[PDB]
Every structure is written in structure tokens, then in C-alpha cells.
2 protein chains.
Amino acid sequence: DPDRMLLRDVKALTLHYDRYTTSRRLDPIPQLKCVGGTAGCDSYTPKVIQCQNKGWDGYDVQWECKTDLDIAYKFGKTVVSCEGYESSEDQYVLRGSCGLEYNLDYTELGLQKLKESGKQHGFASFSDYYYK
Amino acid sequence: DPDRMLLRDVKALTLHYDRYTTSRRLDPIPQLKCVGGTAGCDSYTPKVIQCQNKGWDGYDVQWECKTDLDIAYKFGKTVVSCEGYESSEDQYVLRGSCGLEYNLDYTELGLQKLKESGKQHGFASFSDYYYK
């Protein structure tokens, strides 16, 4: 009974990159996960995101999800998803089952940094020697 | 016999971050390894370095070791080390046993970039919802 919450009345979510969701019917997944975007998922990733329920439009709960990101990055699409308690159509969901996936995109500043990221210099060092 | 070379007559070395040295008397180690410096070893690392034997000063062979580095980085001290064939005092060394360790330091540009690396922005996204 308590692990059953009406999704539309859940006020807020705090989702972490190193914690898993709760589940029963489905497999646990990261509470926060990069899934694409113009910058991709292989390098910088936020560790936490804060979501607030902004109301209900007749179809979906409206989530505003924010976090501090390095200046080179922003979110593309973000998607919140929870485990409906009885089924996927249930309006109640399993407590703790919500997660977020995001596309990570470059900002305008990020794309300039990317343009310049390849710059290198030939550096010579006169090495010591160690006998072994 | 062939795996025995006089170190002073070895013309050049090409050392790779993902290959191990040869050894007998000692354990194999990475041909190229970061060991300290003002930037440290946890992030960017060169993958290869090219060393040329620049002569003999009466004590040590003089190695000049160079590679292309990202503009934010340079080498602090670098040290070449090979496995002497019979002992640590042997002037012949085991073929393939040479490696290099380096300190990785920030350049002047690197330190400015580091100064600014922490800059962030609060980014809000209005998330879609996915039923499951």
C-alpha cells in the first residue's frame, strides 16, 4: 500500500547517477542516465538532477528538471519514467521507481570549445636515466 | 645474445601507453606511464612518446623524448629506464625492456583553463513522460 503513490501528486524527485530505481515488474535501472545527444555520453555527465511536478495537462504530469551543468553542456530531450504499480497504464506508481534519461548537447560555448579541443603542441623533454 | 644490446648504441625508442616492457629479472611494466605532476594522471594522458639517443655524457645516455600533447599540458621530469641484462650495473640491457615515466604539468594556458574549469550554469528542462 505505501509503495503505491499517485504519480500526479508526487511533488518532487531527486535522481542520482549512482543509485538504482526500485522495481518489481521490471529491472532496476540508474535513476539518472545519459542516452544520447550531440555531445554524447562518453565524457562529462551530471551526477544529480532535481525534478518538480509542475501540474497535469490531461495526459501527462509536467516535470521541470534542473541541475548545474558545466558551461559547455545542456540537455536535449529529457524523459521521466516511473513503474506503474499494477501495469503500465496505472496512474499509481511504485514508490522509488522513477528515473530520468537525457540527451547531452553542446551549448554554443561548448561547440566553440569542441572546435578548438584538438589543438596540440610538439613538446620535447630531455629525460633522466634510471638504472635497474 | 640478440636480446642483449648496449644501451649507449640504441638509437631510438618508441614507447606506448598500452604495451608492456619485456623483462626477466623484473616484472613487466607499461612502456609509458604517468607518475605525477601538477596536472596529475587522472585525466588526459599521451598514448605514445618518441625518444632519440642524443649521446653519452660519461654517466648517462642523453634521451630526448617528444610527443604531441594537448595544449593545456606539458611534461615535468621524464625518466627513461631499461633492464640491465646481467644486473642493474650492466651497460648492456635487455632488448625491449625500456620504459618511460613522466610528470604531467599544466602549461600556462592549462592553468588558465583550470582556473575556469569549474564554471557551471543552472539548466532547466521540461521533461517528457514515458509510461511503463
Side-chain angles (χ1 to χ4, degrees), chain A residues 17-18 30 34 40-41 43-45 47 117-132, chain B residues 2-4 6-10 12-22 24-25 28-32 34-41 43-51 53-76 78-85 87-88 90-94 96-107 109-111 113-114 117:
Chain A
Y17 85 118
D18 56 352
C34 183
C41 306
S43 67
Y44 167 84
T45 54
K47 291 177 170 72
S117 64
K119 172 107 204 190
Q120 292 199 315
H121 61 129
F123 188 82
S125 170
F126 224 55
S127 301
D128 293 336
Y129 188 77
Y130 182 88
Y131 283 91
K132 70 182 197 196
Chain B
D3 320 74
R4 187 174 153 281
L6 188 65
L7 174 70
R8 281 140 71 160
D9 290 324
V10 178
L13 300 166
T14 301
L15 307 177
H16 301 262
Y17 85 118
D18 56 352
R19 300 180 192 184
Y20 282 70
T21 63
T22 66
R24 296 191 323 165
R25 329 197 298 78
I29 54 182
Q31 293 180 353
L32 180 57
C34 183
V35 302
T38 63
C41 306
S43 67
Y44 167 84
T45 54
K47 291 177 170 72
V48 66
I49 195 170
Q50 299 278 2
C51 299
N53 172 345
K54 293 311 193 167
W56 157 264
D57 67 349
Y59 311 82
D60 288 332
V61 171
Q62 305 219 233
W63 296 100
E64 171 176 58
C65 298
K66 47 199 186 196
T67 194
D68 299 327
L69 296 172
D70 282 7
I71 215 68
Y73 304 95
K74 64 184 172 95
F75 289 136
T78 58
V79 183
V80 170
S81 195
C82 319
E83 173 173 306
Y85 195 103
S87 90
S88 72
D90 204 335
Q91 296 271 10
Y92 286 85
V93 303
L94 171 67
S97 64
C98 297
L100 186 144
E101 301 182 331
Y102 60 89
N103 279 6
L104 196 70
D105 291 350
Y106 290 113
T107 59
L109 281 170
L111 288 176
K113 181 157 178 173
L114 182 65
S117 64

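These values consider heavy atoms only, across backbone and side chains, with no hydrogens, waters or symmetry-generated copies. In what follows, chains are A, B, ... by sequence order, proteins preceding strands, each numbered from 1.
Summarising the geometry of B/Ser117 relative to B/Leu114, their closest heavy-atom pair is OG-O, 2.8 Å, with the distance given to 0.1 Å. The minimum heavy-atom distance between B/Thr22 and B/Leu94, with the atom names listed, is OG1-CD2, 3.7 Å. Of all heavy-atom pairs spanning B/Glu64 and B/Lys54, the tightest one is OE1-CE, 3.5 Å. For the residue pair B/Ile49 and B/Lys66, the shortest heavy atom distance occurs at CG1-O, 3.4 Å. Pairing each heavy atom of B/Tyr20 with each of B/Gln31, the nearest pair is O-NE2, 3.6 Å. Considering all non-hydrogen atoms of both residues, B/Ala39 and B/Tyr106 come closest at CA-CE1, 3.3 Å.
A donor-acceptor pair under 3.5 Å is absent between the side-chain atoms of B/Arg8 and the main chain of B/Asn53, judged by distance alone. Not a single donor-acceptor pair under 3.5 Å links the side chain of A/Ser127 to the backbone N or O of B/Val80. Here the side chain of A/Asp128 pairs no donor or acceptor atom with the backbone of B/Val79 at under 3.5 angstrom. For B/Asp90 (side chain) and B/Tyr92 (main-chain N/O), a donor-acceptor pair under 3.5 Å exists by modelled atom type.
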Can you check side-chain contact (heavy atoms from CB on, under 4.5 Å) on B/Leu13 and B/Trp63, steps first, answer last?
CA-CA 9 Å; B/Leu13 300 166; B/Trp63 296 100; 3.6 Å; yes
Evaluation steps, side-chain contact (heavy atoms from CB on, under 4.5 Å), between B/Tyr85 and B/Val93:
CA-CA 5 Å; B/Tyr85 195 103; B/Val93 303; 5.9 Å; no
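Atom CD1 of B/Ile29 sits about 3.5 Å away from atom NZ of A/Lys132, to the nearest 0.5 Å. For the atom pair B/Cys82 SG and B/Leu100 CG, the distance stands at 10.0 Å (nearest 0.5 Å). Taking OG from B/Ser97 and CZ from B/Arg24, the interatomic distance works out to 10.0 Å, rounded to the nearest 0.5 Å. A distance of 7.5 Å separates CG of B/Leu104 from OG1 of B/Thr38, quoted to the nearest 0.5 Å. Rounded to the nearest 0.5 Å, atoms CG (B/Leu109) and NZ (B/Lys74) are 12.0 Å apart. Distance check: B/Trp56 CH2 to B/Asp9 CG gives 11.0 Å after rounding to the nearest 0.5 Å.
In this structure B/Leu69 satisfies the side chain to side chain contact (heavy atoms under 4.5 Å, CB included) test together with A/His121, A/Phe123, B/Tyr44, B/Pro46, B/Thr67, B/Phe75, sequence neighbours excluded. Residues forming a side chain to side chain contact (heavy atoms under 4.5 Å, CB included) with B/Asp60 (at least two apart in sequence, or on another chain): A/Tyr129, A/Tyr131, B/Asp57.
With contacts defined as side-chain heavy-atom distances shorter than 4.5 Å, the pair B/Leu32/B/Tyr102 qualifies. Residues B/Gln91 and B/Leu6 are in side-chain contact: their nearest non-hydrogen atoms beyond the backbone lie under 4.5 Å apart. A heavy-atom distance below 4.5 Å is found between the side chains of A/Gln120 and B/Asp70. A heavy-atom distance below 4.5 Å is not found between the side chains of B/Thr107 and B/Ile71. The shortest distance between side-chain heavy atoms of B/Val48 and B/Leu15 does not fall below 4.5 Å.
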